[PDB]
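Just so you know, structure 1 and structure 2 below are the same protein chain in two forms, each on its own as structure tokens.
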Structure 1
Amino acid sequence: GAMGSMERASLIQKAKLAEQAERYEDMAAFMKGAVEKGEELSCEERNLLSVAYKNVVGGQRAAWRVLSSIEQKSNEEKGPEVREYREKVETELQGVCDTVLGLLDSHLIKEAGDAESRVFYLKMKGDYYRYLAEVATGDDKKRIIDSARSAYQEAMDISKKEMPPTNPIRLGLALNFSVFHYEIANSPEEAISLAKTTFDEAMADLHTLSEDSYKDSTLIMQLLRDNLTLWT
């Protein structure tokens, strides 16, 4: 690959410079090159990978939503331009999701390693299928929804067995799986029930956490609570 001649340590250093420069496409390319060295990622490295691609895909999802809205407001009756441009953005978004899903399958998702790492990557797999599901139609969408559910469910099973209710990876997975239920799977009752259980069981354990831990967990609990506010 394009990063094949660069030292792993140098790719991680350049990913952090890219993040400081808000150059997220560069950050993602450096992190992909580091993953392709075939060594495990540290906790910090996983977060760099996640930040890089979340920012790339985030800009494409926001663009697709702007163009989709303009497209739907002009479908009350025109010209092909809004549809053509929305299709172009959609194909780019799909390209990024396919890149991430390929890295997860080829390099990162293993039977071994700590629960936190396994949950982190299966959650990412569910997230990137969820993004494909947002733009998919027909048979393809049904296949993608099944893939998303299967990755999220596998991560939920591990997180419930191996991590405490306030673990931020466990919380973030439950938040995202609840959004999957609500917005993709059209199961609002499952979305609400999951969010409420996650929030309540975390609330019971807060007194046990250190300063840094308390911050990380309550940030995610506030998002759970905001969705419950919106949904109920």
Structure 2
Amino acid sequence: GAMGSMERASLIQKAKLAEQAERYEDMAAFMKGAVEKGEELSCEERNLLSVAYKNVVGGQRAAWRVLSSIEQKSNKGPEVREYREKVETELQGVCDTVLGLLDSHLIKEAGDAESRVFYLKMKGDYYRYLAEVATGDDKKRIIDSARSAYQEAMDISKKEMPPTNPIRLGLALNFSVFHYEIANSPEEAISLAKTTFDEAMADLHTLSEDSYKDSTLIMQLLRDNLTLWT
């Protein structure tokens, strides 16, 4: 790789500087380099990886939506289709890269439950992004790959984590978005979101000092989605 000659510690240091400069493509490329050294990621390093790639595909998804909607209003030439296809191909490339890193280096049968749930949630998120732009018989394959990763993550977090854990809360929030937008199961989405909120409020005594901010933010987002789906 292009980062093969740089020290692991230097790549992590530069990913942080790229975050502060809002240079998210650079950030993602530095973290890919770090992962390719073959060592495990710390809790802090996992978050750098996630923030980098989330910001890159987020910008691609927003552009793809603007162009896809303009394309449909034509019903002008081949130009809109051509440019929409170009952004699509680039988005698919980024998703394939992240999923490649998850299968090659990061997902393991061992490690703590925080680690395994984090990478399986990530695996679900990026199959979900591929599902938003797919159409064929492969779309059905992609949706079942997303559901499967999300469901194994849910099973582990119910056994191993308290209901106020922010990784458990975020997982359930995104899996409920999967139900509503991709699976067309709005009842199953509403249900999952309400019980996630309710079960956290019933066992507030488990709330940790170090994740008061993160957990609270995700509770508000769960409620905002329920307001919208009523």
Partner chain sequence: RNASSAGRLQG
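So that the term is clear: the rigid core is the largest set of C-alpha atoms that superpose within 1.5 Å between two forms. Please note that residue numbering is based on structure 1, beginning with 1 at the start of its sequence.
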ask   = Among the two displayed forms of the chain, which is the form solved without the partner chain?
value = 2
request  = Can you spot, among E40, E183, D205, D200, the one with a CA shift of 2 Å or more between structure 1 and structure 2 after core superposition?
outcome  = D205
message = Could you tell me the distance the CA of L67 travels between structure 1 and structure 2 after a rigid core superposition, in angstrom?
response = 0.5
